[PDB]
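Read the structure below first, then the notes.
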4 protein chains.
Amino acid sequence: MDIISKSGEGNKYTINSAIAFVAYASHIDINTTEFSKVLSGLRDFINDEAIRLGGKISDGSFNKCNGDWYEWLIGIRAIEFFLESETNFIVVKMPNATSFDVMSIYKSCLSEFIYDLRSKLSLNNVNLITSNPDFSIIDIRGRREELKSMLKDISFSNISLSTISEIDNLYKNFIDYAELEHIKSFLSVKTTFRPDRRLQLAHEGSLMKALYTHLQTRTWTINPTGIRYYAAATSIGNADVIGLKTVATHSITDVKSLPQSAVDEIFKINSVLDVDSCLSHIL
Amino acid sequence: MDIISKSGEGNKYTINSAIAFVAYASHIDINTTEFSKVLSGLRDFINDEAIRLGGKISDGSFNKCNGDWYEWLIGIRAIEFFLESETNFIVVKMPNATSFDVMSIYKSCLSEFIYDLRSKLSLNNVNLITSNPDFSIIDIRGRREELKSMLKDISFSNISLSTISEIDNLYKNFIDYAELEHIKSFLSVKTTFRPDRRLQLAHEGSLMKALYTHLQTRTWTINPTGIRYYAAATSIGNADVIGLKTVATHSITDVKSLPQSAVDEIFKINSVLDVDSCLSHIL
Amino acid sequence: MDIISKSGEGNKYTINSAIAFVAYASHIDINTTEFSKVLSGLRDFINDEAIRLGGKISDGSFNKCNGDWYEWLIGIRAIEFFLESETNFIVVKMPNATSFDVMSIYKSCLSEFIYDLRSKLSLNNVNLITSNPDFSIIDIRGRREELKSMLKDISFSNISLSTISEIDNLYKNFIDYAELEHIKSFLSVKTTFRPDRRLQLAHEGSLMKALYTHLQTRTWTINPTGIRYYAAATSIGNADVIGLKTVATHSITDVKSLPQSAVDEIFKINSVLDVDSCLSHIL
Amino acid sequence: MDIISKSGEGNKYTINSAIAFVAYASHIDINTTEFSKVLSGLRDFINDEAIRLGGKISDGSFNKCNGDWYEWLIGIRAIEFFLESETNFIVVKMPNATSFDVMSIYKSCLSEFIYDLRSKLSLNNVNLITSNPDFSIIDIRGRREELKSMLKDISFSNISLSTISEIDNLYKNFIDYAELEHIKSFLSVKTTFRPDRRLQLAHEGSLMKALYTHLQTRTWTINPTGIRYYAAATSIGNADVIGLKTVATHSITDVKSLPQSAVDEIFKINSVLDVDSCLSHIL
């Protein structure tokens, strides 16, 4: 198995994300290397190969992959934090909306309200396009031991391809699972923020808070805990905060509840120690 | 006055948008040339120059400019349509939020409600970041004659640099002007839609409908006309419609009113005849 | 069986409402006698008896009974109208909240939302005290023939004690029956309006519209038909209308929907012909 | 000046409420006599007179007057409590809606919103009938000294006809006065609760909370203090509480805020010591 493979588009090669991450990652000490160095280090590694084999890797595949890597770096450490701690919450990585709907994490009685809304809107000629945040912080009251035994072998130290697959499929254990209070928050990450990315997060944050409010209405849940939506990147600056901490759109139309932010808090995550700090603060 | 000028960034040249548009535009028949041909034709024109002078023009300036040109093409034709018709609505081009707030088009008693909201939110540590749609369709009940005399010389036929300046500053005549019913709709345009652009329009559309709903609440306006938000590009496809006609975010939280779309209708505008069709349909 | 019987409270006698109504009613032509004459005529009839037997009947029993009689007069004619017509709606008399909850007419999935609300409120130390309107206009799509055969013998002409019992227990056929659209309206009646009675109807009307709005929210029913609440008395005057057509209380807090009246229309019902006019207009 | 005077309706006499209250009140020690004894004692006093003069006083005038007396008993003690204390709130007696609108206590910018609502509703053929609670607890930040000097001579001990007039006209000092936070609560009293009276208070309580919510919406006041609505009678029992502590009608339609009671607390006030206890608890 090689790290890159020709996409048949001429000199075009596609990156084998997982293999490349594991092959490169085995060679470094994640605990002493900041995430940004691993990513660029990973970009170079792949370039050498493309040059040996005489090929070309477009920055689109690189950009697609940078996200994968950044998320796996965070996702693995989150599990180690879980293994090493006594918390009731586990940070689970979510697949794309193309193939999965984060709403299905909720019990079916709750998700059906959302399906009911999508159907009624379609009849009025309106769509309901939702996206899945990168991670969901799920309340695992009761199944702590089960998951600890299940996820015992996960770590950067014993990094393997199977580790990546687990991080990527752990969500399957939480389908038709959560009551309204079980999903505590969502966390979406970006290597770096640019105008387009700040926009995505603000919009998604707003949308999650709107849907949550829709569910609180259907179930008539008075004074519920509410959900939080967090954002993180390898580097954050004041200019990023302006656009991310804008009002959740539904709050502009209702004076009855305290105004909510689309994004509740933004975190800088460029290392394993940053993951722990963020997690200790979010849980 | 030349069409390009060195940005001092080495071989870097900046495009003089307005001059280039006028110089090139004088040479073609806008009535027989579809907008996409004028834009590419305009890209080439500028390339020749850069090559004669030995220089480099980044696609960022080109991309910045493509929007300018596309908007001026639409903006000028809208005024001709106005001059040639007997409608009470005029399509006015809006400047960027960096230097202008589209809310100031409303009478000061109305815009103050928005300023009041921004201030109360800031005290709760929440921002209110708004953007300005490209065009506003304004009800000019009464001042039709005045504007017709004022804008008599505007046309593609007698295209000049002063024409561009007028199209770009006409909005100054409508500050602290509109009652809630005077702004009929907004129209935001893109040369072509890409994922990032479909997102921008959907979000902005939602936000405009949320603010409008906020104003209807403050003034307690029962059963108002409502505002529409339209989108247009030189080419539109079914895939674009999926994301643009998604629900306005505030409708997800309220069963009391009919569900609204973030974008009410999308138009294909690749010619002067397309502008007229869209305008006859929107007015 | 006598029309009055000693309540053991000394000279105190209690009126046997049903017997007295039937005994007296058999002697008159309801089709030519206005309701107010039957009521006073019925008051006298009972007085003669009390005098023969040497007894006393307090106006409280009379007042309790006047309502019974007025309602039976309306209730019987409504059934005749049903028997004689081809409508899909039947006017059903409702028992007191002491022993029945009009919400149970709705399917159990709907009434449970109301039970859920009562329970959550009690936990916040708030009560939900509701009252039952006098009549409910129910959509009997499908069971027209069944009911016509069942209610064939009901009329003023063949008035009997069993007729009264049927009018009073017909509601039992509609428990756990209605979908949100099946109950078209409610109708509460009073012999005459006094300040206290105008207040009762206004409050009840408001409450029914609030609960209906609560159900429309739980089920997320967009643009539903809505419910009407009507009032009727043997004589109505402009002064009565002032207080009855006041806003339904929940409309004061929401600009999103058209303002609703607590009482939609008030009818004068002092005869069989008045019942038909009201019914033809309400159905 | 006599305590009763012929209403020209034959043997009919009308009670001169104020004189009778003062004449009788001068003879007793309000501090040792429970309110119910003063009221019955006052009923007898008036009967003696009617008998000496040979006349008849209907219980309607008595019932009208019982309220007056009960309110003056509470109103005078409230002022003594004010004179004797260092509170920023004063309990002011309100006149009937026939001649006064409690909404005018608010600054004109606030009351105009209510006038605006009444006008828009009338255009949709809906009325807005409001009633005035008996007392308003007003925040007198700043004018404590002024009022203390003004109201220095008010007491049961130096009871006079002018004392009654002051208690009844003190409200004139607070017209176009209050900001949304200045009216802390309302208090409506009844000698005793009967079904009709429990209904009145529940409805009025609901209506006040609906209007307050309407004002919070117009001004976009986030997380305001809110208003309370209290009830009091010479004797209260568990059966009274059932109906009075029912939900404020607007709360049934909105899950966004905590459920509010139409009546927040019910007090037993049969003495001067009961007034103080209630006031110390409400302020």
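Ligands are numbered from 1 in the order shown, residues from 1 within each chain, and chains are lettered A, B, ... in the order they appear in the structure tokens.
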
Against chain B, which residues of chain C fall within 7 Å? For each one I want the closest pair of atoms and the distance in Å (one decimal), counting only C-alpha atoms, rows by chain and increasing residue number, as CSV.
residue,atom,partner,partner_atom,distance
C:217,CA,B:255,CA,6.3
C:220,CA,B:255,CA,6.0
C:222,CA,B:255,CA,6.0
C:223,CA,B:258,CA,6.8
C:255,CA,B:220,CA,6.0
C:256,CA,B:256,CA,5.9
C:257,CA,B:256,CA,6.0
C:258,CA,B:222,CA,6.6

Excluding residue 147 in chain A and residues on its chain fewer than 3 positions from it, collect all residues at most 10 Å away from it, counting only C-alpha atoms, and give them as a list in words.
residues 82, 83, 90, 140, 142, 143, 144, 150, 151, 152, 170 and 173 of chain A

Same residues, N, CA, C and O atoms, saved as a PDB file, in the first residue's frame:
ATOM      1  N   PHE A  82     -10.521  10.703  26.931  1.00  0.00           N
ATOM      2  CA  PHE A  82     -11.632   9.928  27.459  1.00  0.00           C
ATOM      3  C   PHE A  82     -11.092   8.721  28.232  1.00  0.00           C
ATOM      4  O   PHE A  82     -11.482   8.472  29.375  1.00  0.00           O
ATOM      5  N   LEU A  83     -10.177   7.984  27.607  1.00  0.00           N
ATOM      6  CA  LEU A  83      -9.593   6.802  28.224  1.00  0.00           C
ATOM      7  C   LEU A  83      -8.901   7.152  29.509  1.00  0.00           C
ATOM      8  O   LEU A  83      -9.001   6.432  30.493  1.00  0.00           O
ATOM      9  N   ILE A  90     -18.330  11.858  25.595  1.00  0.00           N
ATOM     10  CA  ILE A  90     -17.316  11.398  24.655  1.00  0.00           C
ATOM     11  C   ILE A  90     -17.421  12.237  23.385  1.00  0.00           C
ATOM     12  O   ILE A  90     -18.525  12.619  23.002  1.00  0.00           O
ATOM     13  N   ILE A 140     -22.653   9.857  27.622  1.00  0.00           N
ATOM     14  CA  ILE A 140     -22.679   8.405  27.679  1.00  0.00           C
ATOM     15  C   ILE A 140     -22.969   7.848  29.072  1.00  0.00           C
ATOM     16  O   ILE A 140     -22.310   6.910  29.507  1.00  0.00           O
ATOM     17  N   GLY A 142     -23.768   5.742  31.847  1.00  0.00           N
ATOM     18  CA  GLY A 142     -23.929   4.303  31.897  1.00  0.00           C
ATOM     19  C   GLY A 142     -22.951   3.433  31.126  1.00  0.00           C
ATOM     20  O   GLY A 142     -22.421   2.469  31.697  1.00  0.00           O
ATOM     21  N   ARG A 143     -22.679   3.762  29.861  1.00  0.00           N
ATOM     22  CA  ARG A 143     -21.774   2.949  29.049  1.00  0.00           C
ATOM     23  C   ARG A 143     -20.291   3.343  29.012  1.00  0.00           C
ATOM     24  O   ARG A 143     -19.573   3.026  28.057  1.00  0.00           O
ATOM     25  N   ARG A 144     -19.818   3.955  30.094  1.00  0.00           N
ATOM     26  CA  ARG A 144     -18.429   4.373  30.194  1.00  0.00           C
ATOM     27  C   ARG A 144     -17.482   3.163  30.126  1.00  0.00           C
ATOM     28  O   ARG A 144     -16.561   3.123  29.306  1.00  0.00           O
ATOM     29  N   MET A 150     -13.805  -1.131  24.834  1.00  0.00           N
ATOM     30  CA  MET A 150     -13.882  -1.158  23.394  1.00  0.00           C
ATOM     31  C   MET A 150     -12.776  -0.332  22.750  1.00  0.00           C
ATOM     32  O   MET A 150     -12.131  -0.764  21.785  1.00  0.00           O
ATOM     33  N   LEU A 151     -12.489   0.811  23.354  1.00  0.00           N
ATOM     34  CA  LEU A 151     -11.518   1.736  22.802  1.00  0.00           C
ATOM     35  C   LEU A 151     -10.157   1.738  23.458  1.00  0.00           C
ATOM     36  O   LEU A 151      -9.366   2.637  23.224  1.00  0.00           O
ATOM     37  N   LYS A 152      -9.880   0.697  24.234  1.00  0.00           N
ATOM     38  CA  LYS A 152      -8.622   0.548  24.959  1.00  0.00           C
ATOM     39  C   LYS A 152      -7.328   0.754  24.142  1.00  0.00           C
ATOM     40  O   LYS A 152      -6.399   1.435  24.602  1.00  0.00           O
ATOM     41  N   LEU A 170     -16.881   5.292  15.008  1.00  0.00           N
ATOM     42  CA  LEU A 170     -17.391   5.243  16.369  1.00  0.00           C
ATOM     43  C   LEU A 170     -18.847   5.757  16.454  1.00  0.00           C
ATOM     44  O   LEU A 170     -19.644   5.266  17.247  1.00  0.00           O
ATOM     45  N   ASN A 173     -22.229   3.710  16.986  1.00  0.00           N
ATOM     46  CA  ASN A 173     -22.681   3.220  18.276  1.00  0.00           C
ATOM     47  C   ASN A 173     -23.730   4.127  18.885  1.00  0.00           C
ATOM     48  O   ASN A 173     -24.326   3.765  19.897  1.00  0.00           O
TER      49      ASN A 173
END

Counting only C-alpha atoms, which residue out of A:58, A:88, A:163, A:280 sits closest to residue 21 in chain A?
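Answer, going by the shortest atom-to-atom distance: A:163.
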
For range 261-276 of chain A: contacts at 8 Å, only C-alpha atoms, fewer than 4 positions along chain excluded, given as a CSV table (one decimal) with C-alpha atoms, in the first residue's frame:
chain,number,residue,atom,x,y,z
A,30,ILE,CA,2.7,14.0,18.4
A,31,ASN,CA,3.1,15.1,22.0
A,33,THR,CA,5.0,18.5,17.7
A,34,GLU,CA,2.4,21.2,17.2
A,35,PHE,CA,-0.4,20.2,14.8
A,36,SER,CA,0.6,22.8,12.2
A,74,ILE,CA,-8.1,16.1,17.4
A,77,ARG,CA,-6.5,12.8,21.4
A,78,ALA,CA,-10.1,13.3,22.5
A,81,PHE,CA,-8.5,12.1,27.0
A,201,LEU,CA,-19.4,28.0,10.9
A,202,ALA,CA,-21.6,31.0,11.7
A,203,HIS,CA,-24.4,29.7,9.4
A,204,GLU,CA,-24.2,26.1,10.8
A,205,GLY,CA,-24.0,27.3,14.3
A,206,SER,CA,-27.2,29.3,13.7
A,209,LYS,CA,-29.6,26.4,17.4
A,228,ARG,CA,-23.5,25.0,22.5
A,229,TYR,CA,-21.6,25.2,19.3
A,230,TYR,CA,-17.9,25.6,19.4
A,231,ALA,CA,-15.2,26.4,16.8
A,232,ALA,CA,-11.5,25.7,16.7
A,233,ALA,CA,-8.5,26.3,14.4
A,234,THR,CA,-4.6,26.0,14.7
A,235,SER,CA,-4.5,29.8,15.0
A,236,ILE,CA,-7.3,32.3,15.9
A,241,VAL,CA,-14.2,36.4,16.5
A,244,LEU,CA,-18.2,33.9,14.5
A,245,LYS,CA,-19.8,35.4,17.6
A,246,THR,CA,-22.6,37.0,15.7
A,247,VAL,CA,-26.2,36.3,16.8
A,248,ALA,CA,-27.9,33.0,16.1
A,249,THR,CA,-30.4,34.1,13.5
A,280,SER,CA,-11.7,20.2,30.2
B,126,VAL,CA,-23.1,39.1,20.9
B,127,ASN,CA,-22.4,40.8,17.5

Write out as a ChimeraX atom specification which residues come within 9 Å of range 128-130 of chain B when counting only C-alpha atoms, dropping same-chain ones fewer than 5 positions away.
/A:242-243,245-247 /B:97,101,117-118,121-122,204,207-208

Output file for the selection above: C-alpha atoms, as a compact mmCIF listing (two decimals), in the first residue's frame:
# COMPACT_ATOMS: atom_id res chain seq x y z
CA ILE A 242 -16.10 39.35 14.92
CA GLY A 243 -17.93 37.14 12.45
CA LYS A 245 -19.78 35.41 17.57
CA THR A 246 -22.64 37.00 15.67
CA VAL A 247 -26.23 36.30 16.84
CA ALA B 97 -21.11 47.20 4.34
CA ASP B 101 -25.45 50.00 6.01
CA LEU B 117 -30.75 45.74 18.76
CA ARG B 118 -27.02 45.88 17.89
CA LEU B 121 -26.66 42.44 21.85
CA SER B 122 -23.16 43.91 22.28
CA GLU B 204 -27.86 36.88 3.62
CA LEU B 207 -30.67 37.47 7.69
CA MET B 208 -32.65 40.07 5.69
